[PDB]
């Protein structure tokens, strides 16, 4: 039955989220601010915060009970993500990115993959996982007929899969010391045999695990950071341009065989679309809160309070309205992904809707709040610039809206089985 009240457990999640952001993430921010904005040392300095998160069981919660994890719901994740993004986006993302890295494992792992999950179930240390998908040259057209396909390839040679390629933007993939993370899910193209004339490129896509142990065993030059990328927000996040060279792994490392990889990757990106929605809600909440606090304490030298000016008030209420719509849609999507109604195609349309709606609304909200607050918002002592520069990544990352998210919505509607309102009216 239609209910917007948090359960006692969901309220616990909210309170826990508040404490995590306040006690772990805020100190992480003061810590990385001690290094210049283009320094990879920002990322490295967050390792002790990450460890503290690990000790509190965050990584265990990112693994499904099927695999021995404690795993929660997308709804609970959405609540956590909103709160963290309202406080400290960059340090939070490093943690959420490990969750993304572990998602393909939740979706496709079998019993033989348990050994790979062990470091993450330990409840100690600071292991990092990464979903290693994107490439320097772009991947919006990795599955397009007539195109080159993924640049990163795997070849079965004897009893070993051999990986070669360059990747970029894959959060966490280089690990704390830039020599490779604990567990990478590398999305690549099987090239043991050539793509046949007219064959669907998706038939060749795999996901193969690569651990830090694999890289070490393969020795010098097997993994290399080609370029650290400085970004205008998320300054403690590390997703460098990297290269894998002749990285040989055992057959047990294959997660998704050729022809099953794309589906699992997009499956992982469906879940994260929901949390990108939550990211947007969190930034919008932070923007509204900061603008409202500005108004309530600063009348800009006027004869009346700032909120008594219709033009200012209407900008703020506009943001509040979009934020409330964004959270409702995000929760609807989080609920539907795990409960229906509607088949998977219908559930996924909502996750994509949340992603697209909230990411763009977050950018618009940030720009509106800047105009409302006025010239003061150009002062970097105030939070407004960082908010905007955090928001603008939402539409373009986790599968950009223009080149990926919207192309999928197109394919969904094209299907004969498309049933517009099934995700609502059963």
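Positions refer to the first chain, counted from 1.
Asker: I need to verify one thing: averaged over C-alpha atoms only, is the B-factor higher for 413 to 421 or for 18 to 26?
Answerer: Averaged over C-alpha atoms, the B-factors run higher in 413 to 421.
Asker: Is the mean CA B factor in the deposited entry higher across 268 to 276 or across 152 to 160?
Answerer: So the stretch with the higher mean C-alpha B-factor is 152 to 160.
Asker: Between 320, 113, 241, 234, which carries the biggest CA temperature factor in the record?
Answerer: Comparing C-alpha B-factors across 320, 113, 241, 234, the maximum falls on 113.
Asker: Identify, among 330, 199, 98, 90, the residue whose C-alpha carries the highest B-factor in the deposited PDB entry.
Answerer: If I rank 330, 199, 98, 90 by C-alpha B-factor, first place goes to 199.
Asker: Test of reading the entry: by CA B factor among the chain's modelled residues, which third contains residue 59?
Answerer: Tercile = middle for this residue's CA B-factor.
Asker: Going by the recorded CA B-factors, say which third of the chain residue 282 sits in, lowest, middle or highest.
Answerer: Lowest third - that is where residue 282 ends up once the chain's C-alpha B-factors are sorted.
Asker: Can you tell me whether residue 124 has a C-alpha B-factor in the lowest, middle or highest third compared with the other modelled residues of the same chain?
Answerer: As the PDB entry reports it, the C-alpha B-factor of residue 124 lands in the highest third of its chain.
Asker: Name the third of the chain's ranked CA B-factors that contains residue 376, choosing lowest, middle or highest.
Answerer: It belongs to the lowest third of the chain when residues are ordered by C-alpha B-factor.
Asker: Sorting the chain's CA B-factors, does residue 324 end up in the lowest, middle or highest third?
Answerer: Residue 324: CA B-factor falls in the lowest third of its chain.
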